[PDB]
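Trainee: Right, I'll just put the structure down here and ask away after.
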Protein chains: 2
Amino acid sequence: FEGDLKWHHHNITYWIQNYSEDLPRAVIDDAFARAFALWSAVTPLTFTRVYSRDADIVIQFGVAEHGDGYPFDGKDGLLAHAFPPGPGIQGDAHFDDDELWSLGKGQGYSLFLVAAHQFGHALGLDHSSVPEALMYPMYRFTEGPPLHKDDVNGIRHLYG
Amino acid sequence: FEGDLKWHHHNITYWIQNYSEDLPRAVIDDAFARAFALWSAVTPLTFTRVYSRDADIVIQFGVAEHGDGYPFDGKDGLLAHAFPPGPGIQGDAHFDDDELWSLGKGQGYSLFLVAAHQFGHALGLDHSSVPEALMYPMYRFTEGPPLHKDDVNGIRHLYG
Ligand SMILES: CC(C)[C@H](C(=O)NO)N(CCNC(=O)c1cccc(C(=O)NCCN([C@@H](C(=O)NO)C(C)C)S(=O)(=O)c2ccc(-c3ccccc3)cc2)c1)S(=O)(=O)c1ccc(-c2ccccc2)cc1
Ligand SMILES: [Ca+2]
Ligand SMILES: [Ca+2]
Ligand SMILES: [Ca+2]
Ligand SMILES: [Ca+2]
Ligand SMILES: [Ca+2]
Ligand SMILES: [Ca+2]
Ligand SMILES: [Zn+2]
Ligand SMILES: [Zn+2]
Ligand SMILES: [Zn+2]
Ligand SMILES: [Zn+2]
C-alpha cells in the first residue's frame, strides 16, 4: 500500500460479524482460521478470534451496498474486498453474499482461497505481478498450497 | 511502463491478422476502428490499417499457448492482453477467442470495449485505480462514453 501500511502490533484479532447461509457456521469458522494460519506461519504476527467490535480485522458477509459506500455488484465479478491495516474499517474484509461460498471441490468460490487473498490486503499486501501467486487479482481455483515466493517476499518486506 | 514506454512515431499502423467466427469480419474491423477512434482524438496519433506483419500493432485471436508465451485460460478469466509500445511483439494485442465476442447488451464481451482498453495498453497505458474508467482492469458493459478523465490524463501524460 501507499506508504507501506502495516500493523504495529502482533496479536491481530478478528471478529466475525455474521455468517453466510451457504456453509454451516462452523465450516466458515474453520475456513477463516486456516486462512490466518497461512499468514501466522510466515509472519511475526498471531491471529486471535474474538467477540468484540474493537477487533482489528472485522469480518462480514454482505450483498450490494453494505456500509463503506463501496457496494458489491451481484453474481460474479467483485468477490470480496479488504481494507489496509489501520483503525476502524481499515483491516476489515467483506464477502459478497451474492457469490455462492463453499470449500474446495465445491461449485462455488472457495471461501478459504478468497479469505486467504483478503487477509493479505489486511496485512498490507497489494496485488502481485506473478500470475501464480495468491495476491494475483484473478481467482483460479487451486488444490495446491496457496502461498508462493512472491506472497512471502511481500510479507517479509513488511514484517521482517 | 515503469520506464514509461510509448511510441516514437505518430502514425501508428495496424494489422488484423485473423478473425474470430463470433462476429462478421466487417463488424470486427469496424469494432476495431471504433476503438482506435477513442485514442485518435485525444492523442497526436493516427491509426492506419495495413495488411502487413510489419504493422506496429498486430491484432490476433488465440487460445491457450499462442506465440507470446502468455497463454490464455479457456472461457472467462483472461479476456485479452497487450504489450507496451516497442518493436515486434510489443504493441501487439491478443484476444482470447475462447470468449464469445459480441456487441451491445446481451451475451459476450463487447469486442469494442475490450479492444479500447486493449489499444490503450498498446500505447503504453497501465491499469486504472478508478472503478469507472476504461483502463479499470474489470469489465462492466456500458452504453456510455468509455473514456474518462483518468484515461485522458493517462495518454496526455505519455504523448500530450
Ligand atoms: C477489492 C477488489 C479490487 C478485488 C480484490 O482484489 N480484493 O482483494 N477484486 C479484484 C479486481 N482486480 C484488481 O484489483 C486488479 C488490480 C491490479 C491489476 C489487475 C489486473 O491485471 N487484472 C487482470 C486483467 N486481465 C488482463 C488485462 O487487463 N489486459 O489489458 C491482464 C492479465 C493483462 S484480463 O484479460 O482478465 C482483462 C480485464 C478487464 C478488461 C477491460 C476493462 C475495462 C473495459 C474493457 C475491458 C480487459 C482485460 C487487477 S475482486 O474481483 O473482488 C477479487 C479477484 C480475485 C481474488 C483472489 C485472487 C487469488 C486467489 C483467490 C482470490 C480476490 C478478489
Ligand atoms: Ca460480485
Ligand atoms: Ca478494522
Ligand atoms: Ca452467498
Ligand atoms: Ca508490434
Ligand atoms: Ca478466457
Ligand atoms: Ca469464440
Ligand atoms: Zn465493504
Ligand atoms: Zn485483491
Ligand atoms: Zn498473447
Ligand atoms: Zn488491462
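Chains: A, B, ... in order of the C-alpha cells. Residues: from 1 per chain. Ligands: from 1, in order shown.
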Write out as a PyMOL selection string all residues of chain B that DSSP puts in helix (DSSP H, G or I) for this structure's backbone.
Mentor: chain B and resi 25-41+111-121+149-158
Trainee: Residues of chain B within 9 Å of chain A, using only C-alpha atoms, as a tab-separated table (two decimals) with N, CA and C atoms, in the first residue's frame?
Mentor:
```tsv
chain	number	residue	atom	x	y	z
B	77	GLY	N	-12.14	-15.68	-17.11
B	77	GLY	CA	-10.83	-15.35	-16.60
B	77	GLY	C	-10.19	-14.27	-17.46
B	78	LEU	N	-9.12	-14.64	-18.15
B	78	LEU	CA	-8.47	-13.73	-19.09
B	78	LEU	C	-9.41	-13.40	-20.24
B	138	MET	N	-11.30	-4.19	-14.83
B	138	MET	CA	-12.51	-5.00	-14.68
B	138	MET	C	-13.58	-4.59	-15.69
B	139	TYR	N	-14.14	-5.57	-16.37
B	139	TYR	CA	-15.09	-5.31	-17.44
B	139	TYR	C	-16.49	-5.15	-16.89
```
Trainee: What does the distance from CA of residue 32 in chain B to CA of residue 59 in chain B come to in Å, to one decimal?
Mentor: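 Calculated distance between CA of residue 32 in chain B and CA of residue 59 in chain B is 9.4 Å.
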Trainee: What is the distance between atom 1 (Zn, counted along the ligand's line) of ligand 8 and CA of residue 47 in chain A, in Å to one decimal?
Mentor: 21.3 Å
Trainee: To test your reading of the structure, identify every residue in chain B that backbone DSSP assigns to strand (DSSP E or B), and report it as a list in words.
Mentor: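 Put together, the selection reads residues 11, 12, 13, 14, 15, 16, 46, 47, 48, 49, 57, 58, 59, 60, 61, 62, 80, 81, 82, 93, 94, 95, 96, 101, 102, 109 and 110 of chain B.
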Trainee: Mind dumping the selected residues with N, CA, C and O atoms as a compact mmCIF listing (two decimals), in the first residue's frame?
Mentor:
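For reference, out37.txt as written:
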```txt
# COMPACT_ATOMS: atom_id res chain seq x y z
N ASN B 11 2.39 8.13 -36.57
CA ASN B 11 1.45 7.45 -37.46
C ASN B 11 1.49 5.94 -37.30
O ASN B 11 2.11 5.23 -38.09
N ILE B 12 0.81 5.45 -36.28
CA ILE B 12 0.77 4.02 -35.97
C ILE B 12 -0.01 3.26 -37.04
O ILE B 12 -1.02 3.75 -37.54
N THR B 13 0.47 2.07 -37.39
CA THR B 13 -0.27 1.19 -38.29
C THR B 13 -0.84 -0.02 -37.55
O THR B 13 -0.41 -0.33 -36.44
N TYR B 14 -1.81 -0.70 -38.15
CA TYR B 14 -2.32 -1.91 -37.50
C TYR B 14 -2.78 -2.97 -38.50
O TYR B 14 -3.24 -2.64 -39.58
N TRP B 15 -2.61 -4.23 -38.13
CA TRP B 15 -3.00 -5.34 -38.99
C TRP B 15 -3.89 -6.29 -38.22
O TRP B 15 -3.50 -6.79 -37.16
N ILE B 16 -5.10 -6.53 -38.73
CA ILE B 16 -5.99 -7.51 -38.14
C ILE B 16 -5.69 -8.86 -38.75
O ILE B 16 -6.21 -9.21 -39.81
N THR B 46 -2.29 8.92 -35.40
CA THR B 46 -3.30 8.37 -36.31
C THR B 46 -3.19 6.86 -36.32
O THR B 46 -2.21 6.29 -35.89
N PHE B 47 -4.21 6.18 -36.80
CA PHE B 47 -4.19 4.74 -36.72
C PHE B 47 -4.59 4.16 -38.06
O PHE B 47 -5.76 4.07 -38.39
N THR B 48 -3.59 3.78 -38.85
CA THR B 48 -3.83 3.37 -40.21
C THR B 48 -3.81 1.87 -40.34
O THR B 48 -2.83 1.21 -40.00
N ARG B 49 -4.90 1.32 -40.84
CA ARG B 49 -4.94 -0.10 -41.09
C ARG B 49 -4.06 -0.43 -42.27
O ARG B 49 -4.12 0.23 -43.31
N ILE B 57 0.91 -2.38 -34.45
CA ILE B 57 0.06 -3.13 -33.55
C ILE B 57 -0.56 -4.28 -34.32
O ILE B 57 -1.36 -4.05 -35.21
N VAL B 58 -0.19 -5.51 -33.98
CA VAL B 58 -0.74 -6.67 -34.67
C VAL B 58 -1.82 -7.30 -33.82
O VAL B 58 -1.58 -7.68 -32.68
N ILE B 59 -3.02 -7.40 -34.37
CA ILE B 59 -4.14 -7.93 -33.62
C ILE B 59 -4.41 -9.37 -34.03
O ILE B 59 -4.68 -9.65 -35.19
N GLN B 60 -4.33 -10.28 -33.06
CA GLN B 60 -4.63 -11.67 -33.33
C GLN B 60 -5.48 -12.32 -32.23
O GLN B 60 -5.42 -11.93 -31.07
N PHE B 61 -6.29 -13.29 -32.61
CA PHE B 61 -7.06 -14.06 -31.65
C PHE B 61 -6.33 -15.37 -31.40
O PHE B 61 -5.68 -15.90 -32.31
N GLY B 62 -6.45 -15.89 -30.19
CA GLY B 62 -5.76 -17.12 -29.84
C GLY B 62 -6.22 -17.80 -28.57
O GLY B 62 -6.64 -17.16 -27.61
N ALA B 80 -8.10 -10.75 -22.68
CA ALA B 80 -7.14 -10.42 -23.70
C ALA B 80 -5.96 -9.77 -23.02
O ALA B 80 -5.97 -9.63 -21.80
N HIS B 81 -4.96 -9.39 -23.79
CA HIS B 81 -3.85 -8.62 -23.21
C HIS B 81 -3.04 -7.86 -24.28
O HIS B 81 -3.15 -8.14 -25.47
N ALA B 82 -2.24 -6.88 -23.85
CA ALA B 82 -1.41 -6.14 -24.79
C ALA B 82 -0.11 -5.75 -24.13
O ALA B 82 0.00 -5.74 -22.91
N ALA B 93 -1.69 -6.92 -29.62
CA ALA B 93 -2.90 -7.08 -28.83
C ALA B 93 -3.54 -8.41 -29.18
O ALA B 93 -3.89 -8.65 -30.33
N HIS B 94 -3.69 -9.29 -28.19
CA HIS B 94 -4.18 -10.63 -28.45
C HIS B 94 -5.50 -10.88 -27.73
O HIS B 94 -5.60 -10.60 -26.55
N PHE B 95 -6.48 -11.44 -28.45
CA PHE B 95 -7.82 -11.72 -27.91
C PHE B 95 -8.07 -13.21 -27.71
O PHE B 95 -8.10 -13.98 -28.67
N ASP B 96 -8.26 -13.61 -26.46
CA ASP B 96 -8.64 -14.97 -26.14
C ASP B 96 -9.93 -15.29 -26.88
O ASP B 96 -10.97 -14.77 -26.54
N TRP B 101 -17.21 -13.32 -28.60
CA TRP B 101 -17.10 -11.88 -28.84
C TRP B 101 -18.38 -11.30 -29.45
O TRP B 101 -18.97 -11.87 -30.36
N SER B 102 -18.84 -10.18 -28.92
CA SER B 102 -20.10 -9.64 -29.38
C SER B 102 -20.19 -8.14 -29.24
O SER B 102 -19.22 -7.47 -28.90
N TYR B 109 -18.46 -10.61 -24.47
CA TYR B 109 -17.68 -9.45 -24.06
C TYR B 109 -17.54 -8.57 -25.30
O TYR B 109 -16.96 -8.99 -26.31
N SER B 110 -18.11 -7.37 -25.22
CA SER B 110 -18.03 -6.37 -26.28
C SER B 110 -16.59 -6.21 -26.78
O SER B 110 -15.73 -5.72 -26.05
```
